[PDB]
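Novice: Below is target.pdb; it holds PDB, C-alpha atoms and all ligand atoms.
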MODEL        1
ATOM      1  CA  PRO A   1      78.075 288.299  41.554  1.00  0.00           C
ATOM      2  CA  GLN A   2      76.738 285.251  39.824  1.00  0.00           C
ATOM      3  CA  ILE A   3      73.549 284.313  41.694  1.00  0.00           C
ATOM      4  CA  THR A   4      72.053 280.817  41.644  1.00  0.00           C
ATOM      5  CA  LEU A   5      68.340 280.310  42.149  1.00  0.00           C
ATOM      6  CA  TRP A   6      68.209 277.637  44.803  1.00  0.00           C
ATOM      7  CA  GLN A   7      67.626 280.350  47.429  1.00  0.00           C
ATOM      8  CA  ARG A   8      65.578 283.594  47.026  1.00  0.00           C
ATOM      9  CA  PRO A   9      67.948 286.165  45.416  1.00  0.00           C
ATOM     10  CA  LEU A  10      67.976 288.827  48.130  1.00  0.00           C
ATOM     11  CA  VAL A  11      70.420 291.692  48.139  1.00  0.00           C
ATOM     12  CA  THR A  12      71.122 294.612  50.472  1.00  0.00           C
ATOM     13  CA  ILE A  13      70.012 298.029  49.220  1.00  0.00           C
ATOM     14  CA  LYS A  14      70.652 301.467  50.742  1.00  0.00           C
ATOM     15  CA  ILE A  15      67.700 303.706  49.861  1.00  0.00           C
ATOM     16  CA  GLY A  16      66.987 307.051  51.504  1.00  0.00           C
ATOM     17  CA  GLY A  17      69.540 306.661  54.278  1.00  0.00           C
ATOM     18  CA  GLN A  18      68.088 303.324  55.460  1.00  0.00           C
ATOM     19  CA  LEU A  19      69.242 299.756  54.834  1.00  0.00           C
ATOM     20  CA  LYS A  20      67.001 297.075  53.377  1.00  0.00           C
ATOM     21  CA  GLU A  21      67.033 293.626  51.838  1.00  0.00           C
ATOM     22  CA  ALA A  22      65.315 293.382  48.452  1.00  0.00           C
ATOM     23  CA  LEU A  23      64.461 290.609  46.043  1.00  0.00           C
ATOM     24  CA  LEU A  24      65.969 290.674  42.538  1.00  0.00           C
ATOM     25  CA  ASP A  25      62.909 290.235  40.347  1.00  0.00           C
ATOM     26  CA  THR A  26      63.136 289.821  36.515  1.00  0.00           C
ATOM     27  CA  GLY A  27      59.288 289.500  36.356  1.00  0.00           C
ATOM     28  CA  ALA A  28      58.873 292.968  37.861  1.00  0.00           C
ATOM     29  CA  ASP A  29      58.904 295.820  35.313  1.00  0.00           C
ATOM     30  CA  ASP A  30      59.290 298.273  38.200  1.00  0.00           C
ATOM     31  CA  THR A  31      60.801 298.616  41.632  1.00  0.00           C
ATOM     32  CA  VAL A  32      58.427 298.409  44.510  1.00  0.00           C
ATOM     33  CA  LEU A  33      59.274 298.644  48.198  1.00  0.00           C
ATOM     34  CA  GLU A  34      57.172 298.217  51.327  1.00  0.00           C
ATOM     35  CA  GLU A  35      55.974 301.433  52.973  1.00  0.00           C
ATOM     36  CA  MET A  36      58.886 303.602  54.058  1.00  0.00           C
ATOM     37  CA  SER A  37      59.856 307.194  54.398  1.00  0.00           C
ATOM     38  CA  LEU A  38      61.264 308.913  51.419  1.00  0.00           C
ATOM     39  CA  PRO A  39      61.734 312.669  51.187  1.00  0.00           C
ATOM     40  CA  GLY A  40      60.133 314.200  48.075  1.00  0.00           C
ATOM     41  CA  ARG A  41      56.940 314.699  46.089  1.00  0.00           C
ATOM     42  CA  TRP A  42      55.266 311.575  44.721  1.00  0.00           C
ATOM     43  CA  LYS A  43      52.348 310.811  42.391  1.00  0.00           C
ATOM     44  CA  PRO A  44      49.572 308.214  42.951  1.00  0.00           C
ATOM     45  CA  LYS A  45      49.608 305.096  40.802  1.00  0.00           C
ATOM     46  CA  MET A  46      48.532 301.485  40.559  1.00  0.00           C
ATOM     47  CA  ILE A  47      50.326 298.369  39.433  1.00  0.00           C
ATOM     48  CA  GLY A  48      49.103 294.887  38.640  1.00  0.00           C
ATOM     49  CA  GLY A  49      50.559 291.767  40.239  1.00  0.00           C
ATOM     50  CA  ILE A  50      49.323 288.202  40.479  1.00  0.00           C
ATOM     51  CA  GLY A  51      46.638 288.646  43.167  1.00  0.00           C
ATOM     52  CA  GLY A  52      45.240 291.877  41.659  1.00  0.00           C
ATOM     53  CA  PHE A  53      46.157 295.562  41.807  1.00  0.00           C
ATOM     54  CA  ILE A  54      47.782 297.755  44.442  1.00  0.00           C
ATOM     55  CA  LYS A  55      47.740 301.582  44.651  1.00  0.00           C
ATOM     56  CA  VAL A  56      51.304 302.868  45.138  1.00  0.00           C
ATOM     57  CA  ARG A  57      53.031 306.305  44.863  1.00  0.00           C
ATOM     58  CA  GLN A  58      55.879 306.942  42.546  1.00  0.00           C
ATOM     59  CA  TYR A  59      59.007 308.910  43.367  1.00  0.00           C
ATOM     60  CA  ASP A  60      61.402 309.508  40.461  1.00  0.00           C
ATOM     61  CA  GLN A  61      65.163 310.196  40.639  1.00  0.00           C
ATOM     62  CA  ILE A  62      65.593 308.346  43.917  1.00  0.00           C
ATOM     63  CA  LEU A  63      69.179 307.351  44.537  1.00  0.00           C
ATOM     64  CA  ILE A  64      69.526 303.674  45.299  1.00  0.00           C
ATOM     65  CA  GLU A  65      72.597 301.650  46.107  1.00  0.00           C
ATOM     66  CA  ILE A  66      72.069 297.986  45.283  1.00  0.00           C
ATOM     67  CA  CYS A  67      74.678 295.739  46.666  1.00  0.00           C
ATOM     68  CA  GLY A  68      77.343 298.502  46.592  1.00  0.00           C
ATOM     69  CA  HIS A  69      76.331 299.557  43.043  1.00  0.00           C
ATOM     70  CA  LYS A  70      74.688 302.989  42.523  1.00  0.00           C
ATOM     71  CA  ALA A  71      71.499 303.454  40.510  1.00  0.00           C
ATOM     72  CA  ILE A  72      68.979 306.335  40.216  1.00  0.00           C
ATOM     73  CA  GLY A  73      65.403 305.924  38.957  1.00  0.00           C
ATOM     74  CA  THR A  74      61.758 305.591  39.971  1.00  0.00           C
ATOM     75  CA  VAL A  75      60.781 303.545  43.008  1.00  0.00           C
ATOM     76  CA  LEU A  76      57.151 302.509  43.825  1.00  0.00           C
ATOM     77  CA  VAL A  77      56.247 302.531  47.531  1.00  0.00           C
ATOM     78  CA  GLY A  78      53.032 300.743  48.563  1.00  0.00           C
ATOM     79  CA  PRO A  79      51.812 297.511  50.048  1.00  0.00           C
ATOM     80  CA  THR A  80      53.899 294.867  48.268  1.00  0.00           C
ATOM     81  CA  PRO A  81      54.605 291.789  50.423  1.00  0.00           C
ATOM     82  CA  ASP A  82      58.387 292.128  49.786  1.00  0.00           C
ATOM     83  CA  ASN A  83      60.817 294.748  48.470  1.00  0.00           C
ATOM     84  CA  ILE A  84      61.126 294.193  44.711  1.00  0.00           C
ATOM     85  CA  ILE A  85      64.031 295.403  42.475  1.00  0.00           C
ATOM     86  CA  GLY A  86      62.530 295.289  38.928  1.00  0.00           C
ATOM     87  CA  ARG A  87      63.982 295.691  35.459  1.00  0.00           C
ATOM     88  CA  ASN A  88      63.897 299.485  35.534  1.00  0.00           C
ATOM     89  CA  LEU A  89      66.864 299.278  37.987  1.00  0.00           C
ATOM     90  CA  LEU A  90      68.197 295.796  37.084  1.00  0.00           C
ATOM     91  CA  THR A  91      69.425 297.191  33.760  1.00  0.00           C
ATOM     92  CA  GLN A  92      71.352 299.982  35.546  1.00  0.00           C
ATOM     93  CA  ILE A  93      73.492 297.630  37.711  1.00  0.00           C
ATOM     94  CA  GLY A  94      74.024 295.633  34.491  1.00  0.00           C
ATOM     95  CA  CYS A  95      72.197 292.464  35.427  1.00  0.00           C
ATOM     96  CA  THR A  96      71.447 289.625  33.088  1.00  0.00           C
ATOM     97  CA  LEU A  97      69.935 286.150  32.954  1.00  0.00           C
ATOM     98  CA  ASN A  98      72.183 283.326  31.837  1.00  0.00           C
ATOM     99  CA  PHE A  99      71.558 279.644  31.285  1.00  0.00           C
TER     100      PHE A  99
ATOM    101  CA  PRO B   1      71.564 282.084  26.381  1.00  0.00           C
ATOM    102  CA  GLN B   2      72.431 285.408  27.946  1.00  0.00           C
ATOM    103  CA  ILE B   3      69.230 287.380  28.410  1.00  0.00           C
ATOM    104  CA  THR B   4      69.431 291.152  29.003  1.00  0.00           C
ATOM    105  CA  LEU B   5      66.574 292.902  30.836  1.00  0.00           C
ATOM    106  CA  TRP B   6      65.677 295.902  28.601  1.00  0.00           C
ATOM    107  CA  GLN B   7      62.711 293.816  27.439  1.00  0.00           C
ATOM    108  CA  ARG B   8      60.603 291.231  29.420  1.00  0.00           C
ATOM    109  CA  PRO B   9      62.660 287.948  29.520  1.00  0.00           C
ATOM    110  CA  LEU B  10      60.098 285.916  27.577  1.00  0.00           C
ATOM    111  CA  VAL B  11      60.609 282.410  26.517  1.00  0.00           C
ATOM    112  CA  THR B  12      58.994 279.717  24.473  1.00  0.00           C
ATOM    113  CA  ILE B  13      57.876 276.633  26.350  1.00  0.00           C
ATOM    114  CA  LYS B  14      56.185 273.437  25.183  1.00  0.00           C
ATOM    115  CA  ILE B  15      53.924 271.964  27.840  1.00  0.00           C
ATOM    116  CA  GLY B  16      51.309 269.280  27.363  1.00  0.00           C
ATOM    117  CA  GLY B  17      51.265 269.149  23.495  1.00  0.00           C
ATOM    118  CA  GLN B  18      50.984 272.962  23.519  1.00  0.00           C
ATOM    119  CA  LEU B  19      53.192 275.887  22.673  1.00  0.00           C
ATOM    120  CA  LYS B  20      53.211 278.827  25.106  1.00  0.00           C
ATOM    121  CA  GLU B  21      55.332 281.886  25.925  1.00  0.00           C
ATOM    122  CA  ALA B  22      56.403 282.461  29.523  1.00  0.00           C
ATOM    123  CA  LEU B  23      58.393 285.058  31.475  1.00  0.00           C
ATOM    124  CA  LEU B  24      61.509 284.038  33.401  1.00  0.00           C
ATOM    125  CA  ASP B  25      60.578 285.328  36.855  1.00  0.00           C
ATOM    126  CA  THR B  26      63.296 285.173  39.518  1.00  0.00           C
ATOM    127  CA  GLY B  27      60.846 286.629  42.071  1.00  0.00           C
ATOM    128  CA  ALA B  28      58.492 283.640  41.642  1.00  0.00           C
ATOM    129  CA  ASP B  29      59.299 280.599  43.850  1.00  0.00           C
ATOM    130  CA  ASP B  30      56.810 278.659  41.705  1.00  0.00           C
ATOM    131  CA  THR B  31      55.671 278.227  38.061  1.00  0.00           C
ATOM    132  CA  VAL B  32      52.187 279.606  37.438  1.00  0.00           C
ATOM    133  CA  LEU B  33      50.702 279.181  34.031  1.00  0.00           C
ATOM    134  CA  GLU B  34      47.605 280.644  32.577  1.00  0.00           C
ATOM    135  CA  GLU B  35      44.556 278.380  32.873  1.00  0.00           C
ATOM    136  CA  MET B  36      45.018 275.577  30.352  1.00  0.00           C
ATOM    137  CA  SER B  37      44.304 271.954  29.446  1.00  0.00           C
ATOM    138  CA  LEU B  38      46.334 269.459  31.469  1.00  0.00           C
ATOM    139  CA  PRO B  39      45.988 265.709  32.096  1.00  0.00           C
ATOM    140  CA  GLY B  40      46.042 264.280  35.614  1.00  0.00           C
ATOM    141  CA  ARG B  41      44.894 264.886  39.119  1.00  0.00           C
ATOM    142  CA  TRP B  42      45.882 268.022  41.015  1.00  0.00           C
ATOM    143  CA  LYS B  43      45.120 269.542  44.369  1.00  0.00           C
ATOM    144  CA  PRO B  44      43.747 272.965  45.353  1.00  0.00           C
ATOM    145  CA  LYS B  45      46.606 275.267  46.406  1.00  0.00           C
ATOM    146  CA  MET B  46      46.649 279.057  47.011  1.00  0.00           C
ATOM    147  CA  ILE B  47      49.602 281.388  46.406  1.00  0.00           C
ATOM    148  CA  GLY B  48      50.215 285.067  46.989  1.00  0.00           C
ATOM    149  CA  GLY B  49      51.739 288.013  45.195  1.00  0.00           C
ATOM    150  CA  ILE B  50      51.351 291.828  44.789  1.00  0.00           C
ATOM    151  CA  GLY B  51      47.485 292.293  44.704  1.00  0.00           C
ATOM    152  CA  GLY B  52      46.977 289.312  47.089  1.00  0.00           C
ATOM    153  CA  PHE B  53      46.048 285.611  46.858  1.00  0.00           C
ATOM    154  CA  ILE B  54      45.001 283.267  44.085  1.00  0.00           C
ATOM    155  CA  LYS B  55      43.556 279.774  44.171  1.00  0.00           C
ATOM    156  CA  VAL B  56      45.428 277.697  41.620  1.00  0.00           C
ATOM    157  CA  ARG B  57      45.440 273.981  40.916  1.00  0.00           C
ATOM    158  CA  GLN B  58      48.731 272.177  41.445  1.00  0.00           C
ATOM    159  CA  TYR B  59      50.232 269.492  39.135  1.00  0.00           C
ATOM    160  CA  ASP B  60      53.363 267.562  40.115  1.00  0.00           C
ATOM    161  CA  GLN B  61      55.684 265.861  37.690  1.00  0.00           C
ATOM    162  CA  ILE B  62      54.727 267.647  34.496  1.00  0.00           C
ATOM    163  CA  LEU B  63      57.371 267.760  31.714  1.00  0.00           C
ATOM    164  CA  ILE B  64      57.982 271.238  30.266  1.00  0.00           C
ATOM    165  CA  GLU B  65      60.568 272.241  27.572  1.00  0.00           C
ATOM    166  CA  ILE B  66      61.825 275.744  28.367  1.00  0.00           C
ATOM    167  CA  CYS B  67      63.845 277.437  25.597  1.00  0.00           C
ATOM    168  CA  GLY B  68      64.496 273.861  24.357  1.00  0.00           C
ATOM    169  CA  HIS B  69      65.714 272.429  27.727  1.00  0.00           C
ATOM    170  CA  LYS B  70      63.553 269.813  29.473  1.00  0.00           C
ATOM    171  CA  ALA B  71      62.662 269.750  33.147  1.00  0.00           C
ATOM    172  CA  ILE B  72      59.954 267.910  35.153  1.00  0.00           C
ATOM    173  CA  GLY B  73      58.365 269.732  38.132  1.00  0.00           C
ATOM    174  CA  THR B  74      55.178 271.033  39.763  1.00  0.00           C
ATOM    175  CA  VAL B  75      53.230 273.394  37.555  1.00  0.00           C
ATOM    176  CA  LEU B  76      50.424 275.460  39.082  1.00  0.00           C
ATOM    177  CA  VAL B  77      47.533 276.311  36.688  1.00  0.00           C
ATOM    178  CA  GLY B  78      45.234 279.238  37.523  1.00  0.00           C
ATOM    179  CA  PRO B  79      44.097 282.848  37.284  1.00  0.00           C
ATOM    180  CA  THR B  80      47.531 284.584  36.743  1.00  0.00           C
ATOM    181  CA  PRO B  81      47.988 287.498  34.305  1.00  0.00           C
ATOM    182  CA  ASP B  82      51.012 285.946  32.573  1.00  0.00           C
ATOM    183  CA  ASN B  83      52.704 282.561  32.392  1.00  0.00           C
ATOM    184  CA  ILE B  84      55.623 282.581  34.933  1.00  0.00           C
ATOM    185  CA  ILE B  85      58.530 280.038  35.060  1.00  0.00           C
ATOM    186  CA  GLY B  86      59.770 280.505  38.713  1.00  0.00           C
ATOM    187  CA  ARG B  87      62.639 279.262  40.846  1.00  0.00           C
ATOM    188  CA  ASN B  88      61.430 275.629  41.034  1.00  0.00           C
ATOM    189  CA  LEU B  89      62.079 275.103  37.239  1.00  0.00           C
ATOM    190  CA  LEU B  90      64.789 277.803  36.657  1.00  0.00           C
ATOM    191  CA  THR B  91      67.340 275.989  38.843  1.00  0.00           C
ATOM    192  CA  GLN B  92      66.614 272.865  36.758  1.00  0.00           C
ATOM    193  CA  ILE B  93      67.603 274.477  33.429  1.00  0.00           C
ATOM    194  CA  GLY B  94      70.750 275.901  35.075  1.00  0.00           C
ATOM    195  CA  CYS B  95      69.637 279.610  35.145  1.00  0.00           C
ATOM    196  CA  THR B  96      71.747 282.221  37.046  1.00  0.00           C
ATOM    197  CA  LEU B  97      71.607 285.958  37.689  1.00  0.00           C
ATOM    198  CA  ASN B  98      74.661 288.033  36.760  1.00  0.00           C
ATOM    199  CA  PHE B  99      75.799 291.504  37.596  1.00  0.00           C
TER     200      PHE B  99
HETATM  201  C1  LIG C   1      54.916 284.121  42.464  1.00  0.00           C
HETATM  202  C2  LIG C   1      53.832 283.057  42.622  1.00  0.00           C
HETATM  203  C3  LIG C   1      54.382 281.745  43.174  1.00  0.00           C
HETATM  204  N1  LIG C   1      53.606 280.953  43.889  1.00  0.00           N
HETATM  205  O1  LIG C   1      55.550 281.430  42.953  1.00  0.00           O
HETATM  206  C4  LIG C   1      55.036 285.032  43.684  1.00  0.00           C
HETATM  207  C5  LIG C   1      55.504 284.237  44.901  1.00  0.00           C
HETATM  208  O2  LIG C   1      56.617 283.689  44.915  1.00  0.00           O
HETATM  209  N2  LIG C   1      54.623 284.212  45.884  1.00  0.00           N
HETATM  210  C6  LIG C   1      54.854 283.525  47.162  1.00  0.00           C
HETATM  211  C7  LIG C   1      54.647 284.505  48.321  1.00  0.00           C
HETATM  212  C8  LIG C   1      55.595 284.255  49.497  1.00  0.00           C
HETATM  213  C9  LIG C   1      56.416 285.491  49.877  1.00  0.00           C
HETATM  214  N3  LIG C   1      55.935 286.151  51.100  1.00  0.00           N
HETATM  215  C10 LIG C   1      56.729 286.789  51.973  1.00  0.00           C
HETATM  216  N4  LIG C   1      58.037 286.949  51.727  1.00  0.00           N
HETATM  217  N5  LIG C   1      56.305 287.308  53.133  1.00  0.00           N
HETATM  218  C11 LIG C   1      53.872 282.361  47.317  1.00  0.00           C
HETATM  219  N6  LIG C   1      54.211 281.255  47.993  1.00  0.00           N
HETATM  220  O3  LIG C   1      52.736 282.413  46.821  1.00  0.00           O
HETATM  221  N7  LIG C   1      55.987 286.110  43.408  1.00  0.00           N
HETATM  222  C12 LIG C   1      55.614 287.364  43.325  1.00  0.00           C
HETATM  223  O4  LIG C   1      54.448 287.756  43.455  1.00  0.00           O
HETATM  224  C13 LIG C   1      56.740 288.343  43.036  1.00  0.00           C
HETATM  225  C14 LIG C   1      56.330 289.252  41.866  1.00  0.00           C
HETATM  226  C15 LIG C   1      56.153 288.682  40.448  1.00  0.00           C
HETATM  227  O5  LIG C   1      57.439 288.677  39.866  1.00  0.00           O
HETATM  228  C16 LIG C   1      55.154 289.420  39.531  1.00  0.00           C
HETATM  229  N8  LIG C   1      55.429 290.868  39.438  1.00  0.00           N
HETATM  230  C17 LIG C   1      54.564 291.823  39.755  1.00  0.00           C
HETATM  231  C18 LIG C   1      55.089 293.223  39.435  1.00  0.00           C
HETATM  232  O6  LIG C   1      53.448 291.686  40.288  1.00  0.00           O
HETATM  233  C19 LIG C   1      55.305 288.809  38.112  1.00  0.00           C
HETATM  234  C20 LIG C   1      54.272 289.441  37.154  1.00  0.00           C
HETATM  235  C21 LIG C   1      52.869 288.821  37.311  1.00  0.00           C
HETATM  236  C22 LIG C   1      51.877 289.452  36.324  1.00  0.00           C
HETATM  237  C23 LIG C   1      52.391 289.323  34.885  1.00  0.00           C
HETATM  238  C24 LIG C   1      53.786 289.939  34.750  1.00  0.00           C
HETATM  239  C25 LIG C   1      54.768 289.278  35.716  1.00  0.00           C
HETATM  240  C26 LIG C   1      57.010 289.146  44.312  1.00  0.00           C
HETATM  241  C27 LIG C   1      57.915 288.405  45.305  1.00  0.00           C
HETATM  242  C28 LIG C   1      55.734 289.471  45.093  1.00  0.00           C
ENDMDL
END
Taking this structure as input, can you express it in the form of structure tokens?
Ligand SMILES: *[C]([C]C([N])=O)[C](C(=O)[N][C]([C][C][C][N]C([N])=[N])C([N])=O)N(*)(*)(*)C(*)(*)(=O(*)*)C(*)(*)([C@](*)(*)C(*)(*)(*)(O(*)*)[C@@](*)([N@](*)(*)C(*)(*)(*)(*)([C](*)*)=O(*)*)C(*)(*)(*)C1(*)(*)[C][C][C][C]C1(*)(*)*)C(*)(*)(*)(*)([C](*)*)[C](*)*

Specialist:
Amino acid sequence: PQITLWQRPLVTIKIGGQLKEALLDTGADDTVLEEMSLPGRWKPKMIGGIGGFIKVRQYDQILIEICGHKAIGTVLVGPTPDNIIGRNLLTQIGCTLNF
Amino acid sequence: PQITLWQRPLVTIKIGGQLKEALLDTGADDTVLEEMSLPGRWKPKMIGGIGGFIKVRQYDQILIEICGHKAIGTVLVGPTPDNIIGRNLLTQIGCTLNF
């Protein structure tokens, strides 16, 4: 899918048996979703964004289906305002920037 | 160009006499540049991200050259960690997302 930037680029993901909409974010090094329930062990961690720093938990080797495409990596769960698909998973579904 | 996401999608911009580097950020609605010297009048504005809110100053109709292409748009100048080119300018240089 070629996506134009007039509208936010939101995509359906299936993550841990639940369905979500997530933003495709090339400025995000990582993937960060709003609080949810994931099975598994996680480790504390903090990321930096524009308004400061949040404390999140990482889970690694989480299967995620992004718009019908399957990917497996680390997902950060914490208090982001929106679900964010970063470049750690954008390079698994093969996604590039073109202009 | 075709920009692949293994590395931050970082681009050279020329804005106000000055050379800067900025990230192409599809998750940013707006363009937020590091605090710098700009001519004109602006208005207080506040924006949010991961971490929370920042107070930035907003400039309309500023000419930017992004990877050589020119566009005119609102540029927000304030306390952000990196320079971000966001959807308001990225649709102007014809940028798309592909997977
Ligand atoms: C940007 C800024 C502007 N303004 O544009 C941001 C945004 O867009 N914000 C907004 C909010 C709204 C939404 N809400 C709801 N949905 N609810 C405003 N208006 O303000 N964006 C953001 O933040 C994104 C992210 C980004 O991409 C970042 N990342 C992180 C990880 O944090 C980028 C970065 C920064 C620092 C340096 C590097 C890069 C998301 C969406 C949150």

Novice: In terms of the shortest atom-to-atom distance over only C-alpha atoms and all ligand atoms, which of B:66, B:10, B:15, B:32 is closest to ligand LIG 1 (chain C)?

Specialist: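 Smallest distance to ligand LIG 1 (chain C) is found for B:32.
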
Novice: Distance CA of residue 63 (chain A)-CA of residue 16 (chain A), one decimal place?

Specialist: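 Those two atoms sit 7.3 Å apart.
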
Novice: Record the distance separating atom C14 of ligand LIG 1 (chain C) and CA of residue 50 (chain A), expressed in Å with one decimal.

Specialist: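 These atoms are spaced 7.2 Å apart.
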
Novice: Write out as a VMD selection string which residues come within 10 Å of region 76-92 of chain A when counting only C-alpha atoms, dropping same-chain ones fewer than 6 positions away.

Specialist: (chain A and resid 10 to 11 13 20 to 38 42 to 47 49 54 to 60 64 66 69 to 70) or (chain B and resid 4 to 9 27 48 to 52 99)

Novice: Tell me, in Å to one decimal, how far CA of residue 3 (chain A) is from CA of residue 96 (chain B).

Specialist: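 Between these atoms lies a distance of 5.4 Å.
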
Novice: Superposition of chain B onto chain A by least squares over all sequentially paired C-alpha atoms; the transformed chain is requested as a CSV table (one decimal) with C-alpha atoms, in the coordinates of the input.

Specialist:
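Contents of result_25.csv, as written:
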chain,number,residue,atom,x,y,z
B,1,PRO,CA,78.2,288.5,41.4
B,2,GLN,CA,76.8,285.3,40.0
B,3,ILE,CA,73.6,284.5,41.9
B,4,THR,CA,72.2,281.0,41.7
B,5,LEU,CA,68.4,280.4,42.3
B,6,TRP,CA,68.2,277.6,44.9
B,7,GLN,CA,67.5,280.4,47.4
B,8,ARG,CA,65.5,283.7,46.9
B,9,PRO,CA,68.0,286.2,45.1
B,10,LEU,CA,68.0,288.7,48.0
B,11,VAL,CA,70.2,291.7,48.1
B,12,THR,CA,71.1,294.5,50.4
B,13,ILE,CA,70.1,298.0,49.3
B,14,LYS,CA,70.7,301.4,50.9
B,15,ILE,CA,67.9,303.8,50.1
B,16,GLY,CA,67.2,307.1,51.7
B,17,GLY,CA,69.6,306.8,54.8
B,18,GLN,CA,68.1,303.3,55.3
B,19,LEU,CA,69.3,299.7,55.0
B,20,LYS,CA,66.9,297.3,53.4
B,21,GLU,CA,66.9,293.8,51.8
B,22,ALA,CA,65.3,293.3,48.4
B,23,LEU,CA,64.7,290.5,45.9
B,24,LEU,CA,66.0,290.7,42.4
B,25,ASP,CA,62.8,290.2,40.4
B,26,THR,CA,63.2,289.8,36.7
B,27,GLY,CA,59.4,289.5,36.4
B,28,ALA,CA,58.9,293.0,37.8
B,29,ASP,CA,59.1,295.8,35.3
B,30,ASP,CA,59.2,298.2,38.3
B,31,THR,CA,60.8,298.5,41.7
B,32,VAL,CA,58.3,298.3,44.5
B,33,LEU,CA,59.4,298.8,48.1
B,34,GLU,CA,57.6,298.2,51.3
B,35,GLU,CA,56.0,301.3,52.7
B,36,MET,CA,58.8,303.5,54.0
B,37,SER,CA,60.0,307.1,54.8
B,38,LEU,CA,61.0,309.0,51.7
B,39,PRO,CA,61.5,312.7,51.0
B,40,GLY,CA,59.9,314.4,48.0
B,41,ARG,CA,56.7,314.6,46.1
B,42,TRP,CA,55.2,311.6,44.4
B,43,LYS,CA,52.1,310.8,42.4
B,44,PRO,CA,49.4,308.1,42.9
B,45,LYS,CA,50.1,305.2,40.5
B,46,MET,CA,48.5,301.7,40.5
B,47,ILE,CA,50.3,298.5,39.4
B,48,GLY,CA,49.2,294.9,39.0
B,49,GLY,CA,50.4,291.4,39.7
B,50,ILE,CA,49.2,287.9,40.7
B,51,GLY,CA,46.3,288.7,43.2
B,52,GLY,CA,45.4,291.9,41.4
B,53,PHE,CA,46.1,295.7,41.7
B,54,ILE,CA,47.8,297.9,44.2
B,55,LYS,CA,47.8,301.7,44.7
B,56,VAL,CA,51.4,302.7,45.3
B,57,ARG,CA,53.1,306.1,45.4
B,58,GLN,CA,55.7,306.8,42.7
B,59,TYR,CA,59.0,308.6,43.3
B,60,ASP,CA,61.3,309.6,40.4
B,61,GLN,CA,65.0,310.1,40.6
B,62,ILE,CA,65.7,308.4,43.9
B,63,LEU,CA,69.3,307.1,44.4
B,64,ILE,CA,69.5,303.5,45.6
B,65,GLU,CA,72.7,301.4,46.2
B,66,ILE,CA,72.0,297.8,45.2
B,67,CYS,CA,74.6,295.2,46.3
B,68,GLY,CA,77.0,298.3,46.4
B,69,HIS,CA,76.3,299.6,42.9
B,70,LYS,CA,74.5,303.0,42.6
B,71,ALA,CA,71.6,303.7,40.3
B,72,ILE,CA,69.0,306.6,40.2
B,73,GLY,CA,65.4,305.7,39.1
B,74,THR,CA,61.7,305.7,39.9
B,75,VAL,CA,60.9,303.8,43.1
B,76,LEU,CA,57.3,302.9,43.9
B,77,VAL,CA,56.4,302.8,47.6
B,78,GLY,CA,53.3,300.8,48.7
B,79,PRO,CA,51.5,297.8,50.0
B,80,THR,CA,53.8,295.0,48.5
B,81,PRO,CA,54.7,291.8,50.5
B,82,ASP,CA,58.4,292.1,49.8
B,83,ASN,CA,60.8,294.7,48.5
B,84,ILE,CA,61.3,294.1,44.7
B,85,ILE,CA,64.1,295.6,42.5
B,86,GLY,CA,62.6,295.2,39.0
B,87,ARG,CA,63.8,295.7,35.4
B,88,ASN,CA,63.9,299.5,35.6
B,89,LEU,CA,66.9,299.4,38.1
B,90,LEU,CA,68.4,295.9,37.1
B,91,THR,CA,69.4,297.0,33.7
B,92,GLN,CA,71.2,300.0,35.4
B,93,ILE,CA,73.4,297.7,37.5
B,94,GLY,CA,74.2,295.6,34.5
B,95,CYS,CA,72.2,292.5,35.5
B,96,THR,CA,71.7,289.6,33.0
B,97,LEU,CA,70.0,286.2,33.0
B,98,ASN,CA,72.1,283.1,32.1
B,99,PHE,CA,71.3,279.6,31.1

Novice: Using all atoms listed in the file, pick whichever of A:62, A:75, A:93, A:19 has the shortest atom-to-atom distance to chain B.

Specialist: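 Among A:62, A:75, A:93, A:19, it is A:93 that comes nearest to chain B.
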
Novice: Could you pull region 54-74 of chain A out of the block above and save it with C-alpha atoms, as a tab-separated table (two decimals), in the first residue's frame?

Specialist:
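And here's decode37.tsv as it stands now:
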chain	number	residue	atom	x	y	z
A	54	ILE	CA	7.88	8.00	29.82
A	55	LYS	CA	8.57	4.78	31.78
A	56	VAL	CA	7.42	1.77	29.72
A	57	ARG	CA	7.98	-2.04	29.91
A	58	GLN	CA	9.50	-3.98	27.11
A	59	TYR	CA	8.31	-7.35	25.86
A	60	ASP	CA	10.50	-8.99	23.19
A	61	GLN	CA	9.45	-11.58	20.58
A	62	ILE	CA	5.84	-10.41	20.51
A	63	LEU	CA	4.04	-11.51	17.39
A	64	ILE	CA	2.39	-8.62	15.60
A	65	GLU	CA	0.33	-8.59	12.46
A	66	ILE	CA	0.40	-5.17	10.81
A	67	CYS	CA	-2.13	-4.73	8.13
A	68	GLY	CA	-2.16	-8.48	7.31
A	69	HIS	CA	1.67	-8.66	7.37
A	70	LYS	CA	3.40	-10.66	10.15
A	71	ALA	CA	6.27	-9.25	12.21
A	72	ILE	CA	7.90	-10.33	15.51
A	73	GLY	CA	9.97	-8.02	17.73
A	74	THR	CA	9.96	-5.85	20.84
